[PDB]
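**Q** One file: target_17.cif (mmCIF, C-alpha atoms).
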```cif
data_target
loop_
_atom_site.label_atom_id
_atom_site.label_comp_id
_atom_site.auth_asym_id
_atom_site.auth_seq_id
_atom_site.Cartn_x
_atom_site.Cartn_y
_atom_site.Cartn_z
CA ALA A 1 12.14 36.76 -4.88
CA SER A 2 12.94 35.15 -8.23
CA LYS A 3 11.67 31.74 -9.25
CA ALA A 4 15.20 30.32 -9.04
CA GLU A 5 15.52 31.58 -5.45
CA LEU A 6 12.09 30.33 -4.42
CA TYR A 7 12.59 26.82 -5.75
CA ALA A 8 16.11 26.48 -4.33
CA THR A 9 14.71 27.37 -0.90
CA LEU A 10 11.63 25.15 -1.26
CA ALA A 11 13.77 22.16 -2.28
CA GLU A 12 15.82 22.31 0.91
CA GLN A 13 12.78 23.07 3.09
CA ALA A 14 10.88 20.16 1.58
CA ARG A 15 13.76 17.72 2.11
CA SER A 16 14.23 18.91 5.69
CA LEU A 17 10.51 18.53 6.40
CA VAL A 18 9.83 15.07 4.96
CA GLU A 19 13.14 13.37 5.86
CA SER A 20 12.38 13.83 9.57
CA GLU A 21 8.95 12.14 9.32
CA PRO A 22 7.91 8.55 8.44
CA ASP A 23 4.19 9.08 7.73
CA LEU A 24 3.39 9.53 4.04
CA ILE A 25 0.08 11.33 4.63
CA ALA A 26 1.72 13.80 6.99
CA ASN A 27 4.46 14.40 4.41
CA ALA A 28 1.98 14.87 1.55
CA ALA A 29 -0.14 17.31 3.58
CA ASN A 30 2.85 19.36 4.80
CA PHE A 31 4.43 19.40 1.33
CA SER A 32 1.16 20.72 -0.17
CA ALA A 33 0.92 23.39 2.54
CA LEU A 34 4.58 24.38 2.07
CA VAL A 35 4.34 24.96 -1.69
CA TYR A 36 0.87 26.50 -1.59
CA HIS A 37 1.80 29.21 0.91
CA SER A 38 5.22 29.93 -0.66
CA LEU A 39 4.16 30.76 -4.25
CA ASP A 40 1.73 33.49 -5.23
CA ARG A 41 -1.34 33.41 -7.49
CA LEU A 42 -2.29 29.77 -6.80
CA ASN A 43 -5.72 28.34 -6.05
CA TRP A 44 -4.93 24.62 -5.71
CA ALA A 45 -1.90 22.48 -4.86
CA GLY A 46 -1.99 18.80 -3.97
CA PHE A 47 -1.66 15.10 -4.69
CA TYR A 48 -3.62 12.42 -6.50
CA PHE A 49 -2.49 8.89 -5.74
CA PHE A 50 -2.90 5.96 -8.14
CA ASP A 51 -5.06 3.18 -6.66
CA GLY A 52 -4.17 0.49 -9.21
CA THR A 53 -6.86 1.72 -11.62
CA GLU A 54 -7.12 5.53 -11.50
CA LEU A 55 -6.14 8.68 -9.63
CA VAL A 56 -7.74 9.37 -6.22
CA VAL A 57 -7.27 12.70 -4.45
CA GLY A 58 -4.90 12.78 -1.48
CA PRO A 59 -3.92 15.74 0.74
CA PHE A 60 -4.32 19.09 -1.00
CA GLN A 61 -4.75 22.83 -0.43
CA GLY A 62 -7.66 24.67 -2.05
CA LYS A 63 -11.37 24.15 -2.60
CA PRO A 64 -12.83 20.65 -3.06
CA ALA A 65 -12.15 19.50 -6.62
CA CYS A 66 -11.99 16.24 -8.61
CA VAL A 67 -12.15 13.19 -6.33
CA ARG A 68 -11.40 10.50 -8.92
CA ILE A 69 -9.69 11.02 -12.28
CA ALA A 70 -9.43 8.27 -14.91
CA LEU A 71 -6.13 7.89 -16.74
CA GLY A 72 -6.17 9.85 -20.00
CA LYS A 73 -8.88 12.28 -18.82
CA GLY A 74 -8.01 15.93 -18.26
CA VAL A 75 -4.61 17.41 -17.50
CA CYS A 76 -4.00 15.17 -14.47
CA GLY A 77 -5.10 11.98 -16.22
CA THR A 78 -2.99 12.90 -19.24
CA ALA A 79 0.06 13.37 -17.01
CA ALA A 80 -0.52 10.01 -15.30
CA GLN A 81 -1.04 8.10 -18.56
CA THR A 82 1.79 9.72 -20.59
CA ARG A 83 4.08 10.08 -17.54
CA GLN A 84 5.01 13.48 -19.00
CA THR A 85 4.82 16.74 -17.08
CA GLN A 86 1.97 18.92 -18.34
CA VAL A 87 2.47 22.70 -18.44
CA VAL A 88 -0.86 24.25 -19.44
CA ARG A 89 -1.10 27.97 -20.12
CA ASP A 90 -4.87 27.91 -20.83
CA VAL A 91 -6.82 25.06 -19.23
CA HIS A 92 -9.92 26.07 -21.21
CA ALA A 93 -8.05 25.09 -24.41
CA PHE A 94 -6.57 21.79 -23.18
CA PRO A 95 -8.45 19.05 -25.11
CA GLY A 96 -10.36 16.85 -22.71
CA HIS A 97 -10.09 19.08 -19.62
CA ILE A 98 -12.67 17.96 -17.08
CA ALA A 99 -15.53 19.76 -15.35
CA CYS A 100 -14.33 19.41 -11.74
CA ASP A 101 -11.12 21.21 -12.81
CA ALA A 102 -12.95 24.38 -13.97
CA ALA A 103 -11.59 26.71 -11.26
CA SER A 104 -8.13 26.66 -12.89
CA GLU A 105 -6.96 29.02 -15.63
CA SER A 106 -3.46 27.52 -15.91
CA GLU A 107 -2.00 24.38 -14.44
CA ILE A 108 1.15 22.30 -13.98
CA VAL A 109 1.05 18.54 -13.35
CA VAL A 110 4.12 16.43 -12.57
CA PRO A 111 3.72 12.63 -12.71
CA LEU A 112 5.16 10.80 -9.72
CA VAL A 113 6.90 7.53 -10.63
CA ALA A 114 8.69 5.16 -8.27
CA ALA A 115 12.22 3.94 -8.93
CA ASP A 116 10.81 0.58 -10.07
CA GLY A 117 8.43 2.19 -12.57
CA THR A 118 5.26 2.03 -10.47
CA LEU A 119 2.94 4.99 -11.02
CA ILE A 120 2.67 6.74 -7.65
CA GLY A 121 0.22 9.46 -8.73
CA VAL A 122 0.54 13.11 -9.76
CA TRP A 123 1.41 16.45 -8.16
CA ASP A 124 -1.06 19.10 -9.39
CA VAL A 125 -0.85 22.90 -9.01
CA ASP A 126 -3.52 25.27 -10.31
CA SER A 127 -3.76 29.02 -10.83
CA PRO A 128 -6.71 31.34 -11.53
CA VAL A 129 -4.57 33.47 -13.86
CA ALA A 130 -3.46 32.61 -17.38
CA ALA A 131 0.05 31.32 -18.13
CA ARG A 132 1.10 31.18 -14.47
CA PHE A 133 3.62 28.37 -15.01
CA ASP A 134 6.56 28.22 -17.42
CA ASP A 135 9.48 25.86 -17.99
CA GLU A 136 11.29 27.21 -14.92
CA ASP A 137 8.31 26.03 -12.86
CA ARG A 138 8.75 22.73 -14.70
CA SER A 139 12.34 22.56 -13.44
CA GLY A 140 11.39 23.82 -9.99
CA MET A 141 8.28 21.70 -9.45
CA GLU A 142 10.08 18.59 -10.68
CA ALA A 143 12.91 19.14 -8.21
CA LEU A 144 10.36 19.38 -5.38
CA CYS A 145 8.64 16.21 -6.54
CA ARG A 146 11.96 14.33 -6.72
CA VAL A 147 12.48 15.20 -3.04
CA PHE A 148 8.97 13.93 -2.26
CA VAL A 149 9.38 10.66 -4.18
CA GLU A 150 12.86 9.91 -2.84
CA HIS A 151 12.50 10.97 0.80
CA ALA A 152 8.78 10.50 1.51
CA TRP A 153 7.24 7.88 -0.78
CA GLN A 154 10.27 5.70 -1.45
CA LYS A 155 11.15 5.69 2.25
CA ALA A 156 7.70 4.65 3.49
CA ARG A 157 7.44 1.94 0.82
CA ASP A 158 10.59 0.29 2.22
CA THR B 1 -21.76 41.00 -0.79
CA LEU B 2 -25.55 41.33 -1.30
CA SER B 3 -26.91 42.35 2.11
CA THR B 4 -30.48 41.50 1.02
CA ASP B 5 -29.75 37.75 0.98
CA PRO B 6 -31.09 35.43 3.70
CA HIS B 7 -28.80 35.50 6.74
CA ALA B 8 -28.86 32.16 8.54
CA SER B 9 -28.04 31.53 12.18
CA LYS B 10 -25.08 29.43 13.29
CA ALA B 11 -27.37 26.44 13.82
CA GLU B 12 -28.83 26.61 10.30
CA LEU B 13 -25.44 27.17 8.66
CA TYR B 14 -23.88 24.19 10.46
CA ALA B 15 -26.90 22.06 9.53
CA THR B 16 -26.52 23.00 5.86
CA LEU B 17 -22.78 22.28 6.02
CA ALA B 18 -23.43 18.88 7.64
CA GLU B 19 -25.66 17.86 4.73
CA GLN B 20 -22.99 19.03 2.28
CA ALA B 21 -20.39 17.05 4.23
CA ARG B 22 -22.66 13.99 4.14
CA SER B 23 -23.14 14.32 0.38
CA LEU B 24 -19.40 14.89 -0.16
CA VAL B 25 -18.18 11.74 1.64
CA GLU B 26 -21.15 9.30 1.52
CA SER B 27 -20.22 7.34 -1.60
CA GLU B 28 -16.41 7.71 -1.75
CA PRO B 29 -14.70 4.69 -0.12
CA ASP B 30 -11.24 6.23 0.35
CA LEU B 31 -10.74 7.60 3.87
CA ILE B 32 -7.85 9.94 3.06
CA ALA B 33 -9.78 11.43 0.13
CA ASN B 34 -12.78 12.06 2.39
CA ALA B 35 -10.54 13.61 5.07
CA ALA B 36 -8.90 15.90 2.49
CA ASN B 37 -12.25 16.91 0.96
CA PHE B 38 -13.89 17.39 4.37
CA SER B 39 -11.05 19.68 5.51
CA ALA B 40 -11.37 21.69 2.28
CA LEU B 41 -15.16 21.95 2.50
CA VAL B 42 -15.29 23.21 6.09
CA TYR B 43 -12.36 25.61 5.69
CA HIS B 44 -13.95 27.28 2.69
CA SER B 45 -17.49 27.42 4.10
CA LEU B 46 -16.74 29.30 7.36
CA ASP B 47 -15.22 32.78 7.50
CA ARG B 48 -12.34 34.04 9.66
CA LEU B 49 -10.41 30.73 9.70
CA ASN B 50 -6.69 30.12 9.31
CA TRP B 51 -6.42 26.34 9.83
CA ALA B 52 -8.73 23.34 9.64
CA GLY B 53 -7.72 19.70 9.52
CA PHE B 54 -7.11 16.34 11.17
CA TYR B 55 -4.53 14.76 13.43
CA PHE B 56 -4.77 10.97 13.43
CA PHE B 57 -3.79 8.79 16.38
CA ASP B 58 -1.12 6.30 15.28
CA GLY B 59 -1.49 4.15 18.39
CA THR B 60 1.07 6.21 20.31
CA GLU B 61 0.59 9.89 19.46
CA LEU B 62 -1.15 12.26 17.05
CA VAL B 63 0.22 12.62 13.49
CA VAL B 64 -1.05 15.36 11.18
CA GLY B 65 -3.40 14.27 8.38
CA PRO B 66 -4.98 16.34 5.59
CA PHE B 67 -5.47 20.01 6.46
CA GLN B 68 -5.96 23.53 5.08
CA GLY B 69 -3.54 26.22 6.27
CA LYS B 70 0.17 26.75 6.70
CA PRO B 71 2.32 23.88 8.02
CA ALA B 72 1.64 23.38 11.73
CA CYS B 73 2.53 20.61 14.16
CA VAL B 74 3.49 17.25 12.64
CA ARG B 75 3.48 15.04 15.75
CA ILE B 76 1.70 15.79 19.03
CA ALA B 77 2.04 13.67 22.17
CA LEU B 78 -1.03 12.79 24.21
CA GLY B 79 -1.66 15.55 26.73
CA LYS B 80 0.53 18.14 24.99
CA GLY B 81 -1.13 21.39 23.92
CA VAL B 82 -4.76 21.97 22.97
CA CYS B 83 -4.84 19.08 20.47
CA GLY B 84 -2.99 16.62 22.70
CA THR B 85 -5.22 17.62 25.60
CA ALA B 86 -8.30 16.97 23.46
CA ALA B 87 -6.99 13.55 22.42
CA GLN B 88 -6.09 12.49 25.96
CA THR B 89 -9.13 13.86 27.84
CA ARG B 90 -11.41 12.84 24.93
CA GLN B 91 -13.17 16.14 25.65
CA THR B 92 -13.83 18.90 23.13
CA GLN B 93 -11.60 21.93 23.72
CA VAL B 94 -12.79 25.48 23.02
CA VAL B 95 -10.16 28.20 23.42
CA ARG B 96 -11.21 31.85 23.28
CA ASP B 97 -7.65 33.24 23.56
CA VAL B 98 -4.53 31.24 22.73
CA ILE B 99 1.83 26.23 23.12
CA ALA B 100 1.81 25.49 19.35
CA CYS B 101 0.97 25.18 16.50
CA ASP B 102 -0.33 27.67 13.94
CA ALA B 103 1.33 30.83 15.23
CA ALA B 104 -1.30 33.25 13.90
CA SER B 105 -4.04 31.36 15.77
CA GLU B 106 -5.94 33.36 18.40
CA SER B 107 -8.91 31.03 19.01
CA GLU B 108 -9.27 27.33 18.41
CA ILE B 109 -11.66 24.40 18.71
CA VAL B 110 -10.50 20.76 18.86
CA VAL B 111 -13.01 17.90 18.62
CA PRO B 112 -11.84 14.38 19.58
CA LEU B 113 -12.73 11.61 17.12
CA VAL B 114 -13.66 8.28 18.69
CA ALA B 115 -14.81 5.09 16.97
CA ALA B 116 -17.87 3.00 17.85
CA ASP B 117 -15.68 0.52 19.76
CA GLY B 118 -14.02 3.29 21.80
CA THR B 119 -10.80 3.54 19.76
CA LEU B 120 -9.31 7.03 19.55
CA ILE B 121 -9.36 7.99 15.83
CA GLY B 122 -7.68 11.39 16.27
CA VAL B 123 -8.83 14.99 16.51
CA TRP B 124 -10.40 17.63 14.28
CA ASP B 125 -8.72 21.04 14.79
CA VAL B 126 -9.87 24.49 13.59
CA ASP B 127 -8.15 27.81 14.22
CA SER B 128 -9.02 31.47 13.72
CA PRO B 129 -6.80 34.57 13.78
CA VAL B 130 -9.62 36.39 15.62
CA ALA B 131 -10.05 36.22 19.39
CA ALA B 132 -13.10 34.25 20.60
CA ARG B 133 -14.18 33.25 17.10
CA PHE B 134 -15.78 30.03 18.45
CA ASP B 135 -18.65 29.94 20.95
CA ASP B 136 -20.82 27.10 22.21
CA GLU B 137 -22.83 27.17 18.96
CA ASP B 138 -19.61 26.55 17.05
CA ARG B 139 -18.82 23.83 19.59
CA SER B 140 -22.14 22.09 18.87
CA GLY B 141 -21.80 22.70 15.14
CA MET B 142 -18.25 21.37 14.85
CA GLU B 143 -19.21 18.29 16.86
CA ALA B 144 -22.10 17.64 14.47
CA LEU B 145 -19.76 18.00 11.48
CA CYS B 146 -17.34 15.52 13.04
CA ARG B 147 -20.17 13.02 13.62
CA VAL B 148 -20.82 13.13 9.86
CA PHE B 149 -17.16 12.41 9.07
CA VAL B 150 -16.85 9.62 11.62
CA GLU B 151 -20.17 8.04 10.63
CA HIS B 152 -20.16 8.42 6.83
CA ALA B 153 -16.42 8.14 6.13
CA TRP B 154 -14.41 6.56 8.96
CA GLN B 155 -16.83 4.06 10.53
CA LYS B 156 -18.20 3.23 7.08
CA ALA B 157 -14.73 2.14 5.95
CA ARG B 158 -13.93 0.35 9.22
CA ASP B 159 -17.17 -1.68 9.18
CA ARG B 160 -16.48 -2.93 5.65
CA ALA B 161 -13.11 -4.43 6.64
#
```
Please rewrite the model in this file as structure tokens.

**A**
Amino acid sequence: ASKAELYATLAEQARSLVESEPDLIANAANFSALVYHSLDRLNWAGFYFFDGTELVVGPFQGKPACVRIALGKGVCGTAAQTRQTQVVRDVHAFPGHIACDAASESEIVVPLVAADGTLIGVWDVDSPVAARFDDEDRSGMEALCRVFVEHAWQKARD
Amino acid sequence: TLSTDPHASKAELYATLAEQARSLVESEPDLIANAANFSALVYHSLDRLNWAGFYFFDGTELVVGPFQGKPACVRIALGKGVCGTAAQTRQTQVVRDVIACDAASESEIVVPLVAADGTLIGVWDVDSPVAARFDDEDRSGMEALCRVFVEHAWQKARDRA
């Protein structure tokens, strides 16, 4: 299946899954499981949630990794501080990449921002192969995260 | 790989994993982070597993928390299925041959999680695609792992409130 097909399907599956469920933790864990087992050549997929000061890991699929990430530090901290998606083809060349993120060869991080500008956290996907993610994954991952923010986080906050 | 390495028994392996679990959660205050990391640690330390994670009691029924594996059940009523049976009976369930959730599961162990004051926290659920993957040594080992999580993550956070 092409990337365009996979992300179109994932977007509707994700919306179906989280709209029918109030609990944010359930929705974050099921979302991580859905994406992780639908895309090949991944070794990590999951959430970090902002605690008012820094990122703190939430539900994820993969091996134990970073537990806390300061804003500005590494790919995830850079995404949270700049509020810009990070598409990294070679994590070992990303300036300031952090030790607990060493299992990843390439990475995509989408910042999650509430409608009122509050930093929610980041969505982080890692691969053990080089240049796994391109700008179509940028489009596709961001569409999945918009579903999550609108129909899981924004709902529970209200 | 490397057959000449030391080959530990189930008791020793679960004891080593309990110390790792203790070290992983001891100093982190956030309960959801510890639950996510604990699920990841156990799932990747034991072989022949296809699911490992938490369902948390919301006061009425079980609601899935952090887990490793494909999407499974989201909500489970008390008394329904292996996990709901564990939560209601407050008894550990060991199933050698598998209603719901992870379809590929052939054997399963569910450990109820109960607070110091008797509150039902939820359950810890692990599945294998192999028949009779879990025996009474796995039963004892999983219960010891869950004591670490309840003591050094859940009860720790509750007592600070």

**Q** Pick out the chain B residues within 12 Å of chain A. Count only C-alpha atoms. Give them as a PDB file with C-alpha atoms, keeping the file's coordinate frame.

**A**
```pdb
ATOM      1  CA  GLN B  20     -22.990  19.030   2.280  1.00  0.00           C
ATOM      2  CA  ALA B  21     -20.390  17.050   4.230  1.00  0.00           C
ATOM      3  CA  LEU B  24     -19.400  14.890  -0.160  1.00  0.00           C
ATOM      4  CA  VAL B  25     -18.180  11.740   1.640  1.00  0.00           C
ATOM      5  CA  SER B  27     -20.220   7.340  -1.600  1.00  0.00           C
ATOM      6  CA  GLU B  28     -16.410   7.710  -1.750  1.00  0.00           C
ATOM      7  CA  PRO B  29     -14.700   4.690  -0.120  1.00  0.00           C
ATOM      8  CA  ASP B  30     -11.240   6.230   0.350  1.00  0.00           C
ATOM      9  CA  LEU B  31     -10.740   7.600   3.870  1.00  0.00           C
ATOM     10  CA  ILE B  32      -7.850   9.940   3.060  1.00  0.00           C
ATOM     11  CA  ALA B  33      -9.780  11.430   0.130  1.00  0.00           C
ATOM     12  CA  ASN B  34     -12.780  12.060   2.390  1.00  0.00           C
ATOM     13  CA  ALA B  35     -10.540  13.610   5.070  1.00  0.00           C
ATOM     14  CA  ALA B  36      -8.900  15.900   2.490  1.00  0.00           C
ATOM     15  CA  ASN B  37     -12.250  16.910   0.960  1.00  0.00           C
ATOM     16  CA  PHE B  38     -13.890  17.390   4.370  1.00  0.00           C
ATOM     17  CA  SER B  39     -11.050  19.680   5.510  1.00  0.00           C
ATOM     18  CA  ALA B  40     -11.370  21.690   2.280  1.00  0.00           C
ATOM     19  CA  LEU B  41     -15.160  21.950   2.500  1.00  0.00           C
ATOM     20  CA  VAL B  42     -15.290  23.210   6.090  1.00  0.00           C
ATOM     21  CA  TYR B  43     -12.360  25.610   5.690  1.00  0.00           C
ATOM     22  CA  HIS B  44     -13.950  27.280   2.690  1.00  0.00           C
ATOM     23  CA  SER B  45     -17.490  27.420   4.100  1.00  0.00           C
ATOM     24  CA  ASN B  50      -6.690  30.120   9.310  1.00  0.00           C
ATOM     25  CA  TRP B  51      -6.420  26.340   9.830  1.00  0.00           C
ATOM     26  CA  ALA B  52      -8.730  23.340   9.640  1.00  0.00           C
ATOM     27  CA  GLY B  53      -7.720  19.700   9.520  1.00  0.00           C
ATOM     28  CA  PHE B  54      -7.110  16.340  11.170  1.00  0.00           C
ATOM     29  CA  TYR B  55      -4.530  14.760  13.430  1.00  0.00           C
ATOM     30  CA  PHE B  56      -4.770  10.970  13.430  1.00  0.00           C
ATOM     31  CA  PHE B  57      -3.790   8.790  16.380  1.00  0.00           C
ATOM     32  CA  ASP B  58      -1.120   6.300  15.280  1.00  0.00           C
ATOM     33  CA  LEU B  62      -1.150  12.260  17.050  1.00  0.00           C
ATOM     34  CA  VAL B  63       0.220  12.620  13.490  1.00  0.00           C
ATOM     35  CA  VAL B  64      -1.050  15.360  11.180  1.00  0.00           C
ATOM     36  CA  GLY B  65      -3.400  14.270   8.380  1.00  0.00           C
ATOM     37  CA  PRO B  66      -4.980  16.340   5.590  1.00  0.00           C
ATOM     38  CA  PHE B  67      -5.470  20.010   6.460  1.00  0.00           C
ATOM     39  CA  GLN B  68      -5.960  23.530   5.080  1.00  0.00           C
ATOM     40  CA  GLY B  69      -3.540  26.220   6.270  1.00  0.00           C
ATOM     41  CA  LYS B  70       0.170  26.750   6.700  1.00  0.00           C
ATOM     42  CA  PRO B  71       2.320  23.880   8.020  1.00  0.00           C
ATOM     43  CA  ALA B  72       1.640  23.380  11.730  1.00  0.00           C
ATOM     44  CA  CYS B  73       2.530  20.610  14.160  1.00  0.00           C
ATOM     45  CA  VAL B  74       3.490  17.250  12.640  1.00  0.00           C
ATOM     46  CA  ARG B  75       3.480  15.040  15.750  1.00  0.00           C
TER      47      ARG B  75
END
```

**Q** In Å, how far is it from CA of residue 138 (chain A) to CA of residue 22 (chain A)?

**A** 27.2 Å

**Q** Please indicate the distance in Å from CA of residue 74 (chain A) to CA of residue 96 (chain A), rounded to one decimal place.

**A** 5.1 Å

**Q** Taking 5 positions as the minimum chain separation for residues in the same chain, which residues sit within 10 Å of residue 137 (chain A) when counting all atoms listed in the file? Answer as a PyMOL selection string.

**A** chain A and resi 3-4+7+87+108+132+142-143

**Q** Can you spell out as number ranges by chain the set of residues that the PyMOL selection byres ((chain B and resi 136) around 12) selects in the structure I just provided?

**A** B: 10-11, 92-96, 109, 132-135, 137-143

**Q** Around all the atoms of region 15-21 of chain A listed in the file, draw an axis-aligned box and extend it by 3 Å on each of the six sides; I want its centre and edge lengths in Å to one decimal, as JSON.

**A**
```
{"center_x": 11.6, "center_y": 15.5, "center_z": 5.8, "size_x": 11.3, "size_y": 12.8, "size_z": 13.5}
```

**Q** Separation of CA of residue 44 (chain A) and CA of residue 108 (chain B), in Å?

**A**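 Rounded to one decimal, the two atoms are 24.7 Å apart.
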
**Q** When the PyMOL selection byres ((chain A and resi 85) around 10) is applied to the file above, which residues end up in the set, as an mmCIF file with C-alpha atoms, in the coordinates of the input?

**A**
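Everything below was put into result-v5.cif:
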```cif
data_model
loop_
_atom_site.group_PDB
_atom_site.id
_atom_site.type_symbol
_atom_site.label_atom_id
_atom_site.label_comp_id
_atom_site.auth_asym_id
_atom_site.auth_seq_id
_atom_site.Cartn_x
_atom_site.Cartn_y
_atom_site.Cartn_z
ATOM 1 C CA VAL A 75 -4.610 17.410 -17.500
ATOM 2 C CA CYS A 76 -4.000 15.170 -14.470
ATOM 3 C CA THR A 78 -2.990 12.900 -19.240
ATOM 4 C CA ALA A 79 0.060 13.370 -17.010
ATOM 5 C CA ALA A 80 -0.520 10.010 -15.300
ATOM 6 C CA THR A 82 1.790 9.720 -20.590
ATOM 7 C CA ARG A 83 4.080 10.080 -17.540
ATOM 8 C CA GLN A 84 5.010 13.480 -19.000
ATOM 9 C CA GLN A 86 1.970 18.920 -18.340
ATOM 10 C CA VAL A 87 2.470 22.700 -18.440
ATOM 11 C CA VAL A 88 -0.860 24.250 -19.440
ATOM 12 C CA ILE A 108 1.150 22.300 -13.980
ATOM 13 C CA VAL A 109 1.050 18.540 -13.350
ATOM 14 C CA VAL A 110 4.120 16.430 -12.570
ATOM 15 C CA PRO A 111 3.720 12.630 -12.710
ATOM 16 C CA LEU A 112 5.160 10.800 -9.720
ATOM 17 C CA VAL A 122 0.540 13.110 -9.760
ATOM 18 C CA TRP A 123 1.410 16.450 -8.160
ATOM 19 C CA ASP A 124 -1.060 19.100 -9.390
ATOM 20 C CA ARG A 138 8.750 22.730 -14.700
ATOM 21 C CA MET A 141 8.280 21.700 -9.450
ATOM 22 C CA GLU A 142 10.080 18.590 -10.680
#
```

**Q** Nearest to residue 131 (chain A): which of A:146, A:41, A:155, A:89 is it, counting only C-alpha atoms?

**A**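 The closest residue to residue 131 (chain A) is A:89.
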
**Q** What do you get, as a PyMOL selection string, if you spell out every residue that the PyMOL selection byres ((chain A and resi 103) around 9) selects here?

**A** chain A and resi 43-44+65+99-102+104-105+126-128

**Q** Write out as a list in words each polymer residue whose atoms come within 8 Å of residue 99 (chain B), counting all atoms listed in the file; drop sequence neighbours fewer than 2 positions from it.

**A**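 Skipping anything fewer than 2 positions along the chain leaves residues 81, 82 and 101 of chain B.
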
**Q** Nearest to residue 126 (chain B): which of B:8, B:89, B:158, B:83 is it, counting all atoms listed in the file?

**A** B:83

**Q** Name the closest residue to residue 105 (chain B) among the candidates B:128, B:4, B:9, B:91; distances are taken between atoms, counting only C-alpha atoms.

**A**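 Smallest separation from residue 105 (chain B) among the options: B:128.
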
**Q** When you count all atoms listed in the file, which of these residues is closest to residue 47 (chain B): B:130, B:98, B:117, B:153?

**A**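 Once distances to residue 47 (chain B) are computed over all atoms listed in the file, the minimum belongs to B:130.
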
**Q** Up to 10 Å from (-18.3, 14.1, 12.6) in the file's coordinates: name the residues, counting only C-alpha atoms, as a list in words.

**A**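 So the residues meeting the distance criterion are residues 18, 21, 22, 38, 111, 112, 113, 114, 124, 141, 142, 143, 144, 145, 146, 147, 148, 149, 150, 151, 152, 153 and 154 of chain B.
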
**Q** Go through B:100, B:131, B:49, B:87 and flag the residue nearest residue 119 (chain B), using only C-alpha atoms for the distances.

**A**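 Result for the nearest residue to residue 119 (chain B): B:87.
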
**Q** As an MDAnalysis selection string, please: the residues near residue 14 (chain A) (cut-off 8 Å, all atoms listed in the file, same-chain neighbours under 4 positions excluded).

**A** chainID A and resid 10 18 31 34 144 147:148
